Amino acid sequence: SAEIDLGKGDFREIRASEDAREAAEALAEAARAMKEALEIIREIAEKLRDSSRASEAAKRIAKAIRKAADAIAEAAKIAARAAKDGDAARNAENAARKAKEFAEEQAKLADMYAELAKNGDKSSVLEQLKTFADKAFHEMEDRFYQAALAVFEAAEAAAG
Amino acid sequence: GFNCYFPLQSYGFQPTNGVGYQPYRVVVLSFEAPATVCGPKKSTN
Amino acid sequence: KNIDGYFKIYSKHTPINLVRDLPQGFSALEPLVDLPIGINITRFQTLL
Ligand SMILES: *[C@@H]1O[C@H](CO)[C@@H](O)[C@H](O)[C@H]1NC(C)=O
């Protein structure tokens with residue numbers, strides 16, 4: 001019952017055992033990190049305008065993907081110990097692997113695309129930026145959502 | 001990858017996906033020699 | 001014949017008691033269908 005604009009607009013303040021609440025602030029290292037990631041990459045999806053900005057913007061994005069990579073794993077973890085249930089906890093540890101790695105794989109790659117935006121040869125590299133960022137932005141929200149309800153699914157498993 | 005991309009892209013359709021992400025069904029009918037397709041003209045008593 | 005994109009077709013079937021002469025008869029051919037197919041027709045070949 002808390003104003004958080006997730007996918008399809010579902011809004012919550014998880015009502016379960018306090019570790020699931022702790023899987024709501026530690027997951028707010030992700031739940032607040034996802035909905036911020038899909039807003040600044042949303043600023044880079046087409047408001048990408050400057051090669052000079054492309055250098056450090058992708059870096060902050062890459063550090064945010066890197067931030068997101070080890071945030072989504074950090075959200076999917078603590079519930080699985082307080083999870084009375086096992087079946088609904090499988091996805092989170094998978095997402096703790098899958099969502100982290102998929103974010104991780106681009107988190108480094110965004111850096112190798114931030115370095116290519118570092119020097120900033122706007123003749124072609126911006127077309128690199130525009131193609132993976134949306135690809136990532138499509139991938140990150142896809143990866144977000146898959147965890148974004150699998151991370152609460154473990155918190156749901158961690159209810160009692 | 002890495003400056004090389006498939007011309008494809010997968011919609012990820014899961015039971016939980018956002019309502020704006022869930023699959024939607026769309027019909028687009030085109031209007032446009034003899035003209036044969038005609039609306040039903042209702043008769044009368 | 002094809003007019004106004006309508007290829008009309010008229011037919012008529014009458015028995016034959018003659019050998020090889022287009023009979024000195026008289027019959028009106030009548031419509032069968034009015035095909036609304038927009039096709040140029042300049043050539044035509046039969047099928048047996
Ligand atoms: C006949 O051929 C002409 C070629 O100029 C074409 O424009 C026209 O559509 C054709 N008509 C039909 C009924 O196929």
# chains A, B, ... in the order shown; residues from 1 in each chain; ligands from 1
>>> select_by_dssp(residues="chain C", states="strand (DSSP E or B)", output="ChimeraX atom specification")
/C:2-3,6-11,30-35
>>> write_last_selection(atoms="C-alpha atoms", output="CSV table (one decimal), in the first residue's frame")
chain,number,residue,atom,x,y,z
C,2,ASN,CA,-15.4,-8.3,-70.2
C,3,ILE,CA,-17.0,-4.9,-69.7
C,6,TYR,CA,-17.4,-7.4,-65.1
C,7,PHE,CA,-16.6,-10.4,-67.2
C,8,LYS,CA,-20.2,-11.6,-67.8
C,9,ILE,CA,-20.8,-15.1,-69.2
C,10,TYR,CA,-23.8,-16.4,-71.1
C,11,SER,CA,-24.4,-20.0,-72.0
C,30,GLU,CA,-28.7,-16.4,-71.1
C,31,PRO,CA,-26.6,-15.0,-68.3
C,32,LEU,CA,-24.8,-17.5,-66.0
C,33,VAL,CA,-22.7,-15.2,-63.7
C,34,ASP,CA,-21.3,-11.7,-63.7
C,35,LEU,CA,-17.7,-12.1,-62.5
>>> residues_near_ligand(ligand="ligand 1", cutoff="9 Å", atoms="only C-alpha atoms and all ligand atoms", output="number ranges by chain")
B: 33; C: 2, 4-5, 37-41
>>> interface_residues(of="chain A", to="chain B", cutoff="8 Å", atoms="only C-alpha atoms", output="JSON, numbers by chain")
{"A": [7, 8, 9, 128, 142, 145, 146, 149]}
>>> closest_atom_pairs(of="chain B", to="chain C", cutoff="9 Å", atoms="only C-alpha atoms", output="CSV")
residue,atom,partner,partner_atom,distance
B:33,CA,C:5,CA,5.4
B:34,CA,C:36,CA,5.7
B:35,CA,C:36,CA,8.1
B:36,CA,C:36,CA,7.5
>>> atom_distance(atom1="CA of residue 130 (chain A)", atom2="CA of residue 6 (chain A)")
24.6 Å
>>> atom_distance(atom1="CA of residue 148 (chain A)", atom2="CA of residue 84 (chain A)")
19.9 Å
>>> residues_around(residues="residue 39 (chain A)", least_positions_apart="5", cutoff="12 Å", atoms="only C-alpha atoms", output="ChimeraX atom specification")
/A:5-6,32-34,44-47,61,64,137,140-141
>>> write_last_selection(atoms="N, CA, C and O atoms", output="PDB file, in the first residue's frame")
ATOM      1  N   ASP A   5       5.714   3.198  -8.385  1.00  0.00           N
ATOM      2  CA  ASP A   5       5.230   2.966  -9.743  1.00  0.00           C
ATOM      3  C   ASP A   5       6.109   1.903 -10.388  1.00  0.00           C
ATOM      4  O   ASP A   5       7.130   2.200 -11.007  1.00  0.00           O
ATOM      5  N   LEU A   6       5.709   0.645 -10.235  1.00  0.00           N
ATOM      6  CA  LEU A   6       6.419  -0.468 -10.845  1.00  0.00           C
ATOM      7  C   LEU A   6       5.804  -0.769 -12.213  1.00  0.00           C
ATOM      8  O   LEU A   6       5.029   0.022 -12.757  1.00  0.00           O
ATOM      9  N   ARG A  32      14.173   0.775  -5.509  1.00  0.00           N
ATOM     10  CA  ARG A  32      14.478   2.169  -5.789  1.00  0.00           C
ATOM     11  C   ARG A  32      15.603   2.300  -6.812  1.00  0.00           C
ATOM     12  O   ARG A  32      15.704   3.332  -7.484  1.00  0.00           O
ATOM     13  N   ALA A  33      16.446   1.268  -6.955  1.00  0.00           N
ATOM     14  CA  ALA A  33      17.492   1.293  -7.976  1.00  0.00           C
ATOM     15  C   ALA A  33      16.974   0.907  -9.360  1.00  0.00           C
ATOM     16  O   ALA A  33      17.481   1.423 -10.361  1.00  0.00           O
ATOM     17  N   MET A  34      15.994   0.002  -9.462  1.00  0.00           N
ATOM     18  CA  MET A  34      15.433  -0.272 -10.784  1.00  0.00           C
ATOM     19  C   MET A  34      14.696   0.938 -11.344  1.00  0.00           C
ATOM     20  O   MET A  34      14.993   1.403 -12.452  1.00  0.00           O
ATOM     21  N   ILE A  44      18.654   8.627 -21.383  1.00  0.00           N
ATOM     22  CA  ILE A  44      19.672   8.394 -22.405  1.00  0.00           C
ATOM     23  C   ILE A  44      19.094   7.640 -23.601  1.00  0.00           C
ATOM     24  O   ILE A  44      19.779   7.507 -24.631  1.00  0.00           O
ATOM     25  N   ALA A  45      17.848   7.165 -23.509  1.00  0.00           N
ATOM     26  CA  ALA A  45      17.247   6.405 -24.602  1.00  0.00           C
ATOM     27  C   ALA A  45      17.160   7.237 -25.878  1.00  0.00           C
ATOM     28  O   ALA A  45      17.447   6.739 -26.973  1.00  0.00           O
ATOM     29  N   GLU A  46      16.732   8.498 -25.767  1.00  0.00           N
ATOM     30  CA  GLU A  46      16.800   9.394 -26.917  1.00  0.00           C
ATOM     31  C   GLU A  46      17.246  10.816 -26.598  1.00  0.00           C
ATOM     32  O   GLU A  46      17.623  11.541 -27.523  1.00  0.00           O
ATOM     33  N   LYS A  47      17.276  11.231 -25.336  1.00  0.00           N
ATOM     34  CA  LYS A  47      17.847  12.529 -24.998  1.00  0.00           C
ATOM     35  C   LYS A  47      19.367  12.492 -24.961  1.00  0.00           C
ATOM     36  O   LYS A  47      19.988  13.501 -24.615  1.00  0.00           O
ATOM     37  N   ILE A  61      25.865   5.554 -16.275  1.00  0.00           N
ATOM     38  CA  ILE A  61      24.979   4.448 -16.614  1.00  0.00           C
ATOM     39  C   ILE A  61      25.662   3.120 -16.320  1.00  0.00           C
ATOM     40  O   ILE A  61      25.112   2.264 -15.619  1.00  0.00           O
ATOM     41  N   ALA A  64      25.778   2.684 -12.937  1.00  0.00           N
ATOM     42  CA  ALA A  64      24.417   2.402 -12.492  1.00  0.00           C
ATOM     43  C   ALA A  64      23.993   0.990 -12.869  1.00  0.00           C
ATOM     44  O   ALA A  64      23.336   0.307 -12.076  1.00  0.00           O
ATOM     45  N   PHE A 137      18.175  -0.922 -22.388  1.00  0.00           N
ATOM     46  CA  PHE A 137      16.990  -0.364 -21.747  1.00  0.00           C
ATOM     47  C   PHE A 137      15.803  -1.298 -21.925  1.00  0.00           C
ATOM     48  O   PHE A 137      15.013  -1.489 -20.995  1.00  0.00           O
ATOM     49  N   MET A 140      17.211  -4.275 -19.741  1.00  0.00           N
ATOM     50  CA  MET A 140      17.268  -4.015 -18.307  1.00  0.00           C
ATOM     51  C   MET A 140      15.877  -4.045 -17.685  1.00  0.00           C
ATOM     52  O   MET A 140      15.677  -4.660 -16.633  1.00  0.00           O
ATOM     53  N   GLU A 141      14.896  -3.404 -18.331  1.00  0.00           N
ATOM     54  CA  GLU A 141      13.530  -3.451 -17.815  1.00  0.00           C
ATOM     55  C   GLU A 141      12.953  -4.858 -17.910  1.00  0.00           C
ATOM     56  O   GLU A 141      12.246  -5.306 -17.001  1.00  0.00           O
TER      57      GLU A 141
END
>>> atom_distance(atom1="CA of residue 94 (chain A)", atom2="CA of residue 150 (chain A)")
9.1 Å
>>> residues_around(residues="residue 88 (chain A)", least_positions_apart="6", cutoff="8 Å", atoms="only C-alpha atoms", output="list in words")
residues 150, 153, 154, 156 and 157 of chain A
>>> residues_around(residues="residue 12 (chain A)", least_positions_apart="4", cutoff="7 Å", atoms="only C-alpha atoms", output="list in words")
residues 1, 2, 3 and 4 of chain A
>>> write_last_selection(atoms="N, CA, C and O atoms", output="mmCIF file, in the first residue's frame")
data_model
loop_
_atom_site.group_PDB
_atom_site.id
_atom_site.type_symbol
_atom_site.label_atom_id
_atom_site.label_comp_id
_atom_site.auth_asym_id
_atom_site.auth_seq_id
_atom_site.Cartn_x
_atom_site.Cartn_y
_atom_site.Cartn_z
ATOM 1 N N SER A 1 0.818 -1.205 0.000
ATOM 2 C CA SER A 1 0.000 0.000 0.000
ATOM 3 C C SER A 1 0.856 1.261 0.000
ATOM 4 O O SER A 1 0.536 2.232 0.686
ATOM 5 N N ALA A 2 1.941 1.248 -0.773
ATOM 6 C CA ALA A 2 2.851 2.381 -0.851
ATOM 7 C C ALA A 2 3.055 2.786 -2.301
ATOM 8 O O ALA A 2 3.153 1.941 -3.192
ATOM 9 N N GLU A 3 3.159 4.095 -2.512
ATOM 10 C CA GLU A 3 3.183 4.702 -3.841
ATOM 11 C C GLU A 3 4.522 4.409 -4.505
ATOM 12 O O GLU A 3 5.466 5.197 -4.432
ATOM 13 N N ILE A 4 4.607 3.259 -5.165
ATOM 14 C CA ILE A 4 5.764 2.908 -5.976
ATOM 15 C C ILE A 4 5.264 2.490 -7.352
ATOM 16 O O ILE A 4 4.471 1.551 -7.475
#
